[PDB]
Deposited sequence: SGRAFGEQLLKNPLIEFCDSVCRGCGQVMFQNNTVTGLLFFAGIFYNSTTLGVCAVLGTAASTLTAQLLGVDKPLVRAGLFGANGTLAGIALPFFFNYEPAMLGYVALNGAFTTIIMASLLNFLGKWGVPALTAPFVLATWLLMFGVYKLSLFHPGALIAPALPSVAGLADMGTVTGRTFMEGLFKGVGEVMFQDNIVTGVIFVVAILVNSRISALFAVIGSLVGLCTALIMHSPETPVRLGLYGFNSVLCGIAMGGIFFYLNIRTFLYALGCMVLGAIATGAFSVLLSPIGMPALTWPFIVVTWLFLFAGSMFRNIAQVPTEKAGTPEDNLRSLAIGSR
């Protein structure tokens, strides 16, 4: 609710970065300039290069939408920036630096908006959001072929093997302290406790409810994995949190009106997001590749598509969907 006159002051370059500011927030569904800025802050706190590659992905994807002529409202809301952000981080997270790295980030960001547009047209038939699938599909397509096209070289995180039952480690208070905040950091490939805290503060600025569901998701994803007898190391590193962080955020009052029934619904989703993390990890291990946020995407899509069938689960028209605070105030209109 800013003064309408402030628009006399808009030049297209400050309009562009506002798109970038919010694009980044929309990685965790927060349509908020400051949230995104603070996301950047947190990534930059962990690494300068991932910081620039996050910005370039966001910039590359947002620009591509404008060049292609996406409706200005979609572009202004950050929906064509979120997946670019992740496309820019994932690539130097998984591959060793080569000069061509930046060009490839540009390509991957550019590709995300093609796919964002694809999914919005496809899923639009059911009012289901595209979530972060543009980044997963683009990045898989650009990463899988690395054994056949040697421009980049895979980092040691990528190692083809048949799955098998492998030791177990030891749960300590640290397992919990570190798993929690890295769970949140790992939403954007940030192996860093402080970054994760920064990310919660960043969400908190836009919404207390979403910040709380981000914390809960991470805890739910974490203890689901221990209940399921994961080795301690993946769990301390937030590997079983971050899909559930995203579940927590999206289910926890953004796409459904927060109440006691929608809350239990969101709990179901956070748990299955952790279990699905094991599932796609295994499915992709013969080619050594990361499932990324596909466990969040599949589970969440499942719960979103089911919504219109369940009368005790109150769905938000996606056209409308704002923060959980705003959705409840709106329902009282």
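Comparing the deposited sequence against the modelled residues, what ranges come up empty for C-alpha? Since the structure holds only modelled residues, the stretches it omits are 1, 168-170, 338-340.
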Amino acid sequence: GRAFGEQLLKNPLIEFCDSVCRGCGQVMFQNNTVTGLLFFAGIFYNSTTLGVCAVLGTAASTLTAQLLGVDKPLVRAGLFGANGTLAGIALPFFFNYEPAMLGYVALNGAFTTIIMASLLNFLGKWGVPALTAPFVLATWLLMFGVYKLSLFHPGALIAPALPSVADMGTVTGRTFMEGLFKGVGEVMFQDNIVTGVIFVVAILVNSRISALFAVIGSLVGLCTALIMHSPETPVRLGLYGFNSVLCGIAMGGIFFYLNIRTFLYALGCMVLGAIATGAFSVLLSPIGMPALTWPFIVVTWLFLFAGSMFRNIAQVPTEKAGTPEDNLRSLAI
From here on, numbers count along this sequence of modelled residues.
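Stretch exceeding the other in mean C-alpha B-factor - 127-135, 254-262: In the deposited entry, the stretch with the higher C-alpha B-factor mean is 254-262.
Can you let me know which of the two, 59-67 or 297-305, has the higher average C-alpha B-factor in the entry? Taking the mean C-alpha B-factor of 59-67 and of 297-305, the larger value falls to 59-67.
When you compare the CA B-factors of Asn243, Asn83, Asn121, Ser207 as listed in the entry, which one comes out on top? Among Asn243, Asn83, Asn121, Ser207, the highest C-alpha B-factor in the entry belongs to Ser207.
Which third, lowest, middle or highest, does the CA B-factor of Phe280 fall in along this chain? Tercile = lowest for this residue's CA B-factor.
Modelled-residue ranking by C-alpha temperature factor, third containing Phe189: Middle third by C-alpha B-factor.
Which third of the chain does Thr175 land in by C-alpha B-factor: lowest, middle or highest? Highest third of the chain for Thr175's C-alpha B-factor.
Split the chain's modelled residues into thirds by Cα B-factor; is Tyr97 in the lowest, middle or highest one? CA B-factor rank for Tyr97: highest third.
Compare the C-alpha B factor of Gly169 with those of the other modelled residues in its chain, then answer lowest, middle or highest third. Top third by C-alpha B-factor.
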